[PDB]
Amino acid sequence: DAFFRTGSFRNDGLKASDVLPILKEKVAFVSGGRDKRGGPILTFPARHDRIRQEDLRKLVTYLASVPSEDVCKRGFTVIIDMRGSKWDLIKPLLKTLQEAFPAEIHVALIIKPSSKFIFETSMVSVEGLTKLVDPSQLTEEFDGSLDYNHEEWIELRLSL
């Protein structure tokens, strides 16, 4: 406590440059898409290289700060694509969000290939997503029409 910083990254003023390697890996992204309530969408697309827990905590802390304060106030819709994956590879993402995500999670929607978290979780089909999110607000992976270029987004964030 005299040399090393420990605990939450909430007040560390993380920038895209602080999380650049994991941003490039596209473990998670904030497309700009909004759910039907007006809340922001945080996406974890289909992943096998093990990631460092601290890198994931920094990533979700940074991504929580991406939407405007008013949009964030409605809480996030988290979309996790589990198609071609397993529960043992999804549960650690939910645990890290519960421990490190500095904003409210309204609901975590898991695309089916249970509910012991502080936020609501729902096992849904890629079509069941459209009940809570308009397809114009969903990216390509979920048969949506929202244009989102992750590499371009990173370059614009680095210019902030």
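Residue numbers run from 1 along the displayed sequence.
Asker: How much of the deposited sequence is absent from the coordinates between residue 113 and residue 114: none, 1 to 3, 4 to 9, or 10 or more residues?
Answerer: According to the record, 10 or more deposited residues lack coordinates from residue 113 to residue 114.
Asker: From residue 47 to residue 48, how many deposited residues does the entry skip: none, 1 to 3, 4 to 9, or 10 or more?
Answerer: In the deposited sequence, 1 to 3 residues between these two have no coordinates.
Asker: Higher average CA B factor in the deposited record is what I'm after, so tell me if that's 122-130 or 49-57.
Answerer: Higher mean C-alpha B-factor: 122-130.
Asker: Out of 17-25 and 136-144, which one has CA B-factors that are higher on average in the deposited record?
Answerer: That would be 136-144.
Asker: When you compare the CA B-factors of 70, 35, 99, 104 as listed in the entry, which one comes out on top?
Answerer: In this record, 70 carries the highest C-alpha B-factor of the candidates.
Asker: Which third, lowest, middle or highest, does the CA B-factor of residue 78 fall in along this chain?
Answerer: Its C-alpha B-factor belongs to the lowest third of this chain's values.
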